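Right, one structure below, let's go through it.
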Amino acid sequence: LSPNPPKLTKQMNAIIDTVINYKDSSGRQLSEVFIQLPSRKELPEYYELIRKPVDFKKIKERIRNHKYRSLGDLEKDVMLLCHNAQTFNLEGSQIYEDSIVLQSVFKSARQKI
Ligand SMILES: COC(=O)c1c(N)[nH]c2ccccc12
Ligand SMILES: [Zn+2]
């Protein structure tokens, strides 16, 4: 019904940048694996298991192409990314544990703004 106000777009980018730039206690950038999806050639099981594949690259593109109409819309996709990581990977694994932290980082970034 109307274009995204520049204020909303700036917020979406500010929230996602907080998530992407987040470095843990050891000083490790947790988002590293999630920026890009795995290769269809090396990990075909992933594409067999995961209904809606989404990475941080696609999220940035959807903010850019005004695909998210609200912060709740952006949240649904960030929650999807993490759910996907947790669906494919073993509980307790580095990827699995990282997605749980990034869910928390997003919520903390959103709740601030
Ligand atoms: C086995 O690796 C994964 O689970 C993921 C990967 N390589 N890139 C992603 C982007 C988003 C969610 C999960 C993943
Ligand atoms: Zn599910």
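Order of listing sets the numbers, starting from 1, for every ligand and every atom in it. Throughout, numbering of the chain's residues begins at 1 and tracks the sequence.
More than 12 heavy atoms of other residues, nucleotides or ligands lie within 6.0 Å of CD in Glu45, so this atom counts as buried by the packing criterion. By the 6.0 Å contact criterion, CD on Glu32 is open, its count of non-hydrogen atoms from other residues, nucleotides or ligands being 12 or less.
Residue contacts with ligand 1, taken as heavy atom pairs separated by less than 4.0 Å, involve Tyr46 solely via side-chain atoms from C-beta onward. When heavy-atom distances to ligand 1 are checked against a 4.0 Å cut-off, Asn84 has no atom that comes that close, whether in backbone or side chain.
Here the heavy atom of the protein found nearest to atom 9 (C) of ligand 1 is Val33 O, 3.7 Å. From the protein, the heavy atom lying nearest to atom 2 (O) of ligand 1 is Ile95 CD1, 3.7 Å. Nearest protein heavy-atom contact of atom 4 (O) of ligand 1 is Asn89 ND2, 2.8 Å. With hydrogens left out, the protein atom closest to atom 5 (C) of ligand 1 is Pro38 CD, 3.9 Å, a heavy atom. Regarding atom 11 (C) of ligand 1, its nearest protein heavy-atom neighbour is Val54 O, 3.5 Å.
Within the 4.0 Å heavy-atom cutoff, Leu43 counts among the residues contacting ligand 1.
Placement of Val33 and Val105 within a single hydrophobic cluster is found when ILVMFWY residues are connected by side-chain heavy-atom separations under 4.5 Å, directly or transitively. Hydrophobic clustering (ILVMFWY, side-chain heavy atoms < 4.5 Å, transitive): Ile20 and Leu102 are in one cluster.
Under a 4.0 Å criterion applied to the non-hydrogen atoms of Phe88, ligand 1 contributes the atoms 1 (C). Interface of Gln36 with ligand 1, defined as ligand atoms under 4.0 Å from a residue heavy atom, comprises 8 (N), 9 (C).
Side-chain atoms of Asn13 never come within 3.5 Å of backbone atoms of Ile63 as a donor-acceptor pair (strictly under, hydrogens ignored). With hydrogens and angles ignored, the 3.5 Å screen pairs a side-chain donor or acceptor of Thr18 with a backbone N or O of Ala14. Not a single donor-acceptor pair under 3.5 Å links the side chain of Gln29 to the backbone N or O of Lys23.
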